[PDB]
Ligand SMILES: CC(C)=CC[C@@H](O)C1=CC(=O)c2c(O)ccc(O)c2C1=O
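Let's start with one chain on its own, the form solved without this ligand, as structure tokens.
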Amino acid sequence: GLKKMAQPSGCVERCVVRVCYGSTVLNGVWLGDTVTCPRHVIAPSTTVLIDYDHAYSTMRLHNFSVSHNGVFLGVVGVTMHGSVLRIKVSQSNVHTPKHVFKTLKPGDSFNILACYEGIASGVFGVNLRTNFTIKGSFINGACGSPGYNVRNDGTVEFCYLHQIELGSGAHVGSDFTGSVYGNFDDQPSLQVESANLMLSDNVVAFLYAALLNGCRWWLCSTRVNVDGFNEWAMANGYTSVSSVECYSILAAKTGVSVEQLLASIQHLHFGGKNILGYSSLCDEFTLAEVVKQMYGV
């Protein structure tokens, strides 16, 4: 059984705040005595290109309002780091979880807490694509919604702050240092993202899941080695496969080598059959997710 799930959101909900500057309102993340939010909150209302350095230079602290559940935090100072602001406030969040900041790589799964006016409304799992966008669900006001993972030891990894929706509908965010994933511009524009590749690592994980449920009509008897597959992958819109040793767990139970699944990917690249609900190959689930969702390991 494979279902996209999110990790529980309680520890992150207690960090979401409402950040307002003049009339513009979005979400921020309150950790210790710092609130991080997208710098879009200080943009002027215009249709011309936004000059954020000038906006930052004309900033007044008294124009900020930062609140958590209707209680207002005193703003002490603000600095700009790439596409985000770090707002120092005069009160520390007593519910700050143990945490680190982590920069995602394409193929990484994480969780989104979708927020509006500082209040969480939904939580869902997503995967960072090779073009550094995600397929979320966001409407107006979701800017600043955080992305996170929770480690085994309880440590929250803060990895994403929602920034913008592209004309394609794909979603763009930054990490907490202010670097925009994919280096997209954090303001309205005509930018078009490059085409996504199929995440071969995730396809392999998904095929192991089907094997563990007796679904094996698609299993190729022959093998391709990694160097052969990676040549085919370049010419057919797939990423290179990372390693074979990681799948040794799943290679045990099945007991199927990665090279047999690489061969199956070439053949399946269903007429009109089906794999675990899907009619084409799925790159939504990582190796870790499959292992955690099937064995709790």
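Note that residue numbering begins at 1 and tracks the sequence as displayed. Between two forms, the rigid core is defined as the largest C-alpha subset superposing within 1.5 Å.
Taking C-alpha RMS after core alignment, which stretch differs more from the shown form in 6 other deposited structures of this protein: 179 to 187, or 218 to 226?
Evaluated in 6 other deposited structures of this protein, the stretch farther from the shown form is 218 to 226.
Could you check whether 247 to 255 or 35 to 43 drifts more from the shown form in 6 other deposited structures of this protein, using RMS Cα distance once the core is superposed?
It is 247 to 255 whose C-alphas lie farther from the shown form in 6 other deposited structures of this protein.
Report, from the record, the number of residues in the deposited sequence between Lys253 and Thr254 that have no coordinates, as none, 1 to 3, 4 to 9, or 10 or more.
Gap size class: none, per the record.
Compare the mean C-alpha B-factor of 89 to 97 with that of 217 to 225 as given in the PDB entry, and name the stretch with the higher value.
It is 217 to 225 that shows the higher mean C-alpha B-factor.
191 to 199 versus 80 to 88 - which carries the larger mean C-alpha B factor in the record
Here the higher of the two C-alpha B-factor means belongs to 191 to 199.
For the listed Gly28, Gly272, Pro44, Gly32, which has the peak Cα B-factor recorded in the PDB entry?
Comparing C-alpha B-factors across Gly28, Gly272, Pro44, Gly32, the maximum falls on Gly272.
From the list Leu212, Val156, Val180, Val204, select the residue with the highest C-alpha B factor recorded in the entry.
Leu212 has the highest C-alpha B-factor of those listed.
Looking at the temperature factor on the CA atom of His54, which third of the chain's modelled residues does it land in?
Answer is highest: the recorded C-alpha B-factor places it there.
Ranking every modelled residue in this chain by its Cα temperature factor as given in the entry, which third contains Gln163?
Within its chain, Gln163 is a lowest-third residue by C-alpha B-factor, going by the deposited values.
Of the three thirds of its chain by CA temperature factor, lowest, middle or highest, which one includes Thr286?
CA B-factor rank for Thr286: middle third.
Please say which third, lowest, middle or highest, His267 falls into when its CA temperature factor is compared across its chain.
It falls in the top third of the chain.
Looking at the entry's B-factor column for C-alpha atoms only, identify whether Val66 ranks in the lowest, middle or highest third of its chain.
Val66: CA B-factor falls in the lowest third of its chain.
A second form of this protein, the form deposited with this ligand bound, is not displayed here; the remarks below concern that form.
Residue among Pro44, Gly228, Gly237, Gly32 with a heavy atom within 4.5 Å of this ligand in the entry with it bound
Checked against the cut-off, the match is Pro44.
Quick check on this chain: which one of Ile265, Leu250, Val258, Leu26 has a heavy atom within 4.5 Å of this ligand in the entry with it bound?
Exactly one residue meets the criterion: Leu26.
At the 4.5 Å heavy atom threshold, is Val78 in contact with this ligand in the entry with it bound?
Because no heavy atom of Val78 falls inside 4.5 Å of this ligand in the entry with it bound, the answer is no.
Taking this ligand as it sits in the entry with it bound, is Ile164 in contact with it (heavy atom to heavy atom, 4.5 Å or less)?
Heavy-atom contact with this ligand at 4.5 Å: present for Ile164.
Report whether the minimum heavy atom distance between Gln187 and this ligand in the entry with it bound is within 4.5 Å.
Yes, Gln187 is a contact residue.
Verify the contact flag for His40: yes if a non-hydrogen atom of it lies within 4.5 Å of a non-hydrogen atom of this ligand in the entry with it bound, no if not.
Looking in the entry with it bound, residue contacts with this ligand include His40, since a heavy atom lies within 4.5 Å.
106 to 114, 210 to 218, 156 to 164, 130 to 138: which one contacts this ligand in the entry with it bound at 4.5 Å, heavy atom to heavy atom?
Only one stretch passes the 4.5 Å heavy-atom test: 156 to 164.
Enumerate the residues of 139 to 155 that have a non-hydrogen atom within 4.5 Å of this ligand in the entry with it bound, in sequence order, or give none.
Counting only heavy atoms within 4.5 Å of this ligand in the entry with it bound, the single contacting residue of 139 to 155 is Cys143.
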